[PDB]
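Every heavy atom of this structure was used, including side-chain atoms; hydrogens, water molecules and symmetry mates were not. First the proteins, then the strands, lettered A, B, ... as listed; each starts at 1.
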Amino acid sequence: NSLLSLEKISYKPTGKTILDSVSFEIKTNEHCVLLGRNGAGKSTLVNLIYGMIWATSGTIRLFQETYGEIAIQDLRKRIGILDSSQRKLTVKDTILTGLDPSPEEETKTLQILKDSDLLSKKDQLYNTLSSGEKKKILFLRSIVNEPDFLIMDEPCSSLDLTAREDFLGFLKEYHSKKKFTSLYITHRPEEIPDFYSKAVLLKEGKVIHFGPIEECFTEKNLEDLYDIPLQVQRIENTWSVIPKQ
Amino acid sequence: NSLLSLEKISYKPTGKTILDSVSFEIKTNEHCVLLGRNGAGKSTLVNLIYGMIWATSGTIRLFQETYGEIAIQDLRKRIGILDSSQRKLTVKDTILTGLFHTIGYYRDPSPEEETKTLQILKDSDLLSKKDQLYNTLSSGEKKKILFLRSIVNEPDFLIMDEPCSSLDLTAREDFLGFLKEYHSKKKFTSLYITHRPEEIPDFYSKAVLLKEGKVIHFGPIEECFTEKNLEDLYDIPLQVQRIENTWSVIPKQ
């Protein structure tokens, strides 16, 4: 029941090692975080998982299959990506962009909106939604094709506290209602919902540690990651990571 | 010693009220934070304080002079701005781009201007990087240099508009360390704009809380940053506390 597996994955396309012998695994219905500083190689690793770049060594597998065994266009359909960085479309049409509009596709879109108590917004323009609601819609767009797993690339970027809580609340509700698999990418431990049970800590392209999130988020492992003394604790079921004076 | 004052500042350029009757003031050598939700109007307010847009009503003054009494070019010489949006220059060169150009009379830096910039770097223990290219600095270091640039004209006050943008925790610590060190050496006046309470250094003593173009509260920061006033700002139950000399504001479960 391994869904994603990386075994000593490296990426050295032009004499500089960008990813160095990366190993971790995500089982079916698990939720894993990839935590690292700005510039740690997280975007590169996502590119590799999504089949946009080939590893220069190691083995990567989706279920039982090495990436060599799967047509990349088929792999990409089976992996959903939420990343907001991607004139005047509605809620419905924005979601449809994640797949012209076949009827079957339209029905699917409306059901996904209905399952998440947001049908009433079907025709609201996307640009009028609150910042958090926009991310909820991009989440629905990321799962429109019913992927095997979802990559959420810094989905709380540019959300204030209230919007973050709105989005994360929608995530927690989706998780209570539906089994799925995910990899959540961030540099801010406070953006991580309580249902993430596993973590990969990435520093300068190397895994510092992978495993249960309580094992990774020790003071010592986070200090190695951030290179400064830290106070780590849990407050209100969030991770609080604050530099020491 | 009222240095900046806004009295009932409103901005309604085209049927929608973007700022509504904004009132606050900053005295000489005070450090004031503007904490607002995204979309609260913070960028508009900064633009108005920097003379880029005119208020639709109300009064804004630098010391005793209304903005109507000051040539906006002269206003801007007196207000430093640190903004990360506003290209292969050295550190020294980057600081020198901050010099005030009289309209139509741009000139290269004088010998004495070059010397003054080196003194700035020396005073902040960065002379050693004078010739290092700006684009090779760490992300927190770039913000230090932008701060130096912002004070090159010796302004009356400084606006730091989301200065921790693009900084991870380590880079933020680096830059905030530099700010605190600067503050320890020299009295100055500032307005720090953020949407993240954790980005606010300890020397900020006053705050303005902004929501949908309106001031929710203005006063001593401990008065503004009560659970009640922050729950009014953020519209959710919050746990507010101080941890390692930083503000922790965390949603309740």
J.: Quick one: what part of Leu176(B) sits under 4.5 Å from any heavy atom of chain A, side chain, backbone, both or neither?
T.: neither
J.: Within a reach of under 6.0 Å around CD of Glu212(B), are more than 12 heavy atoms found that belong to other residues, nucleotides or ligands?
T.: no
J.: Within a reach of under 6.0 Å around NZ of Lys187(B), are more than 12 heavy atoms found that belong to other residues, nucleotides or ligands?
T.: no
J.: Is it true that, when you exclude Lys203(A) itself, more than 12 heavy atoms of the residues, nucleotides or ligands shown sit nearer than 6.0 Å to its NZ?
T.: yes
J.: Identify which of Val241(A), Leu225(A), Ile228(A), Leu161(A) forms the greatest number of heavy-atom pairs closer than 4.5 Å to chain B.
T.: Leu161(A)
J.: Do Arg37(B) and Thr162(A) pass the side chain to side chain contact (heavy atoms under 4.5 Å, CB included) test, and can you show the C-alpha distance, the side-chain angles, and the key distance before you say yes or no?
T.: CA-CA 8 Å; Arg37(B) 310 267 298 268; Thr162(A) 309; 3.4 Å; yes
J.: Would you mind checking which part of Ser158(A) comes under 4.5 Å of any heavy atom in chain B, side chain (CB onward), backbone (N, CA, C, O), both or neither?
T.: backbone
J.: Ignoring hydrogens and geometry, is there a side-chain-to-backbone donor-acceptor pair from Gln245(A) to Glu244(B) under 3.5 Å?
T.: no
J.: Please walk me through it: do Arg196(B) and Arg188(A) pass side chain to side chain contact (heavy atoms under 4.5 Å, CB included)?
T.: CA-CA 12 Å; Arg196(B) 290 191 198 262; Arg188(A) 292 194 167 96; 3.4 Å; yes
J.: For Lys244(A), look at atom NZ and say whether over 12 heavy atoms of other residues, nucleotides or ligands are found less than 6.0 Å away.
T.: yes
J.: What part of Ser131(A) gets closer than 4.5 Å to chain B, counting heavy atoms only: side chain, backbone, both or neither?
T.: neither
J.: Would the number of heavy atoms belonging to other residues, nucleotides or ligands and lying under 6.0 Å from NZ of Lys186(B) be above 12?
T.: no
J.: In terms of heavy-atom pairs under 4.5 Å with chain A, which of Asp235(B), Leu167(B), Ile250(B), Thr246(B) leads?
T.: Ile250(B)
J.: By a 4.5 Å heavy-atom criterion (distance strictly below it), what part of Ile243(B) contacts chain A: side chain, backbone, both, or neither?
T.: both
J.: Is it the case that the side chain of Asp168(B) and the backbone of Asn38(A) share a donor-acceptor pair, with hydrogens and angles ignored and the cut-off at 3.5 Å?
T.: yes
J.: For chain A, which candidate among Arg172(B), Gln239(B), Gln241(B) shows the most heavy-atom pairs at distances under 4.5 Å?
T.: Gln239(B)
J.: Considering only heavy atoms, which portion of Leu230(A) lies under 4.5 Å from any heavy atom of chain B: side chain, backbone, both, or neither?
T.: side chain
